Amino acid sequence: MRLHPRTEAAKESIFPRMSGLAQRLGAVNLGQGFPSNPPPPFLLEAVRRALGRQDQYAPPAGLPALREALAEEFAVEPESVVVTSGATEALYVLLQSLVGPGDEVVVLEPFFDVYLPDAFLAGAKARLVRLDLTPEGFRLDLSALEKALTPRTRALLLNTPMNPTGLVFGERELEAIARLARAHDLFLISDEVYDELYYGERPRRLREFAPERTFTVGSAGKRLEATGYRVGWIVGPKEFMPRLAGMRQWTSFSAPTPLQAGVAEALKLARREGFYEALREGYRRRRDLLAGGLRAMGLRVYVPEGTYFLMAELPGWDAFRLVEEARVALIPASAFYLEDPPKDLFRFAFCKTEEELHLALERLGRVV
């Protein structure tokens, strides 16, 4: 007896592994992305209110109230919204529903942890388009993007705000991508879990340029500082949504009911109490704190436009040596690149307390 060859993709992710390593070593954890603080009180109270009354199965597509709350934010009808058990499931069910053997999916490099494994589990082939890393920062070359499209290309997987670059795609880029999508009749998968976490002008969404072929992915955990609630969603053309709900039905059936209920109220309260605005400000403050502290050490730092991650170069170091000698956990570039990753490039998560960030700067400082 033996497991199916498919399970070769079932390797423990470097993200939770680093987290365990960090707890064991007593190191400041600036690797895997999850807030050090608890979620806002209005969300906790909304969930408490749901416990005891909404504990049983919810429809696969989602609790009616959550679908309506999301529909209002996205200006679509409830039937074009499907609630999944985290954006993680949304992404898995989408690749599973859009590509298969013989199909190709374009993925930008550096990429998010689940893209390639999901592509592989769908039996599809992924074609990577590495973004250019200049002294100014990461930059997308649309020529290189177009040069990657082929007769078998069925979908394009985009992520903005982008993890780990912190890049936010501008109007001209989305327009250009929407244009290529239409010209080759491609499906557009847009991972926008950090859609409310940007530091500049509010970005425009890819779905505005190509609504008939775009699937927008969101996450309550990345919206409301509650990564462990496992509530996410897909907003896309309604004609395809019933199928997607059909697919997530077999993976986990439905998302946690009381959490879906609490999030529904929370999404509305957040919009009217200026929560996202205050959150962005709290994060910008910490982004600058980290960036400035690393600059002062004489390090090369690429200031992000979104998400709570930033990348920097620490010459002559490797993640594991750092976590043990400096007692600071970071995620190495090799985690986001398939082959030949940039030398000495690390990702920092700054969704931590200011104290934790200062502690990390002090420790990295001594070990220069």
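Counting begins at 1, following the sequence as shown.
Between 37-45 and 300-308, the higher mean Cα B-factor belongs to 300-308.
Between 341-349 and 356-364, it is 341-349 that carries the larger average Cα temperature factor according to the deposited entry. Comparing C-alpha B-factors across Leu290, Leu121, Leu142, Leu267 in the deposited entry, the largest value falls on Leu142.
Among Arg230, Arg248, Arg130, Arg284, the highest C-alpha B-factor recorded in the PDB entry belongs to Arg130. When all modelled residues of the chain are sorted by CA temperature factor, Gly31 is found within the lowest third.
Among all modelled residues in its chain, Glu196 ranks in the lowest third by Cα B-factor. When the CA B factors of the chain's modelled residues are split into thirds, the value for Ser219 lands in the lowest one.
Ranked by Cα temperature factor within the chain, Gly316 sits in the highest third according to the deposited record. Sorting the modelled residues of the chain by their CA temperature factor places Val168 in the middle third.
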